[PDB]
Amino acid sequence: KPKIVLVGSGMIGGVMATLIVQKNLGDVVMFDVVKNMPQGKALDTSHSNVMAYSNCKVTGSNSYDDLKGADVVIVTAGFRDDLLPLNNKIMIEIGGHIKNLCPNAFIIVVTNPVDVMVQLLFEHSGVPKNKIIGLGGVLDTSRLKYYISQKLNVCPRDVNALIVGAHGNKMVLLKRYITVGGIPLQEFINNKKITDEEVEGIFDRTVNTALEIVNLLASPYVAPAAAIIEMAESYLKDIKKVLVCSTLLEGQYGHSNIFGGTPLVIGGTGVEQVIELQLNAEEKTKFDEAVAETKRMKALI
């Protein structure tokens, strides 16, 4: 049975464990530095195996040895430049344990700013570049896809969209790469089913969604968890989905030695392909600005 370790058992961790049991994906360790809490969540979640017809062990842990033999490790733990050293320390610690205990794990990093933190954990863990990625594009594009789908009254999954560069305020929303049922969004604009102005409003809403939800006396954890589990499941079941995630750039987009958000393929060997978009000059300028902010923060460590 696959073993999935959640390093961080906050709200996102809770939904992830719930979904893993629903999908019968693997045994789950809910790890956290906070005592008792993950044990309680794990106990609650384990009972849902009955309703789900599943058989996944769900355990809680404050003990790093439970990383042993993990097939997937998802890192949400962490404490705005002033947070960079603190969270780097966490990545140092986690990285050591990964190298010691599950060097062959597929690693998904969520800790913000994710495009910096994923590279830090890469550096501190020594795992292969095809075995560690950051959450970004699957989540951000889920917002864009959903809002467009509601304007056009179609199934959310039938909207495809790419958001690249970085996860955060400089995320690059590529209008040219939006399709609906495989059809260019521009055709729907031409047919007056949606306007350019509605699309720009949706772009603004997408960039600011975390803020919107925070201001609504909540915080995002359901969709982040679902995005992470889509990525993890594509690895565990070798589905080879095309998913936009943060990955090491080795020449793509003219960049090296930095992680950035780009479409890639997740299969049973990890990142099987990194897909380099043929961005035009203006799109490329936006991509470069996103990654430049990642570089700026990386240089501060």
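Residue numbers run from 1 along the displayed sequence.
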Subject >> Missing from the model but present in the deposited sequence, between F79 and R80 >> reply: 10 or more
**OP:** Pick between 241 to 249 and 32 to 40: the one whose mean CA B-factor in the entry is higher.
**Re:** 32 to 40
**OP:** Identify the stretch, either 161 to 169 or 206 to 214, whose C-alpha atoms have the larger mean B-factor according to the entry.
**Re:** 206 to 214
Subject >> Per the PDB entry, maximal CA B factor within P156, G136, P85, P184 >> reply: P85
Original post:
Highest Cα B-factor in the deposition, which of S234, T45, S256, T262?
Top reply: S256
Original post:
Once the chain's modelled residues are ordered by C-alpha B factor and cut into thirds, is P103 in the lowest, middle or highest one?
Top reply: middle
Original post:
Sorting the chain's CA B-factors, does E230 end up in the lowest, middle or highest third?
Top reply: lowest
Original post:
According to the PDB entry, is the CA B factor of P220 in the bottom, middle or top third of its chain, that is, lowest, middle or highest?
Top reply: highest
Subject >> For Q278, the third of its chain into which the C-alpha B factor falls >> reply: middle
Original post:
Comparing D140 with the other modelled residues of its chain, is its CA B-factor in the lowest, middle or highest third?
Top reply: lowest
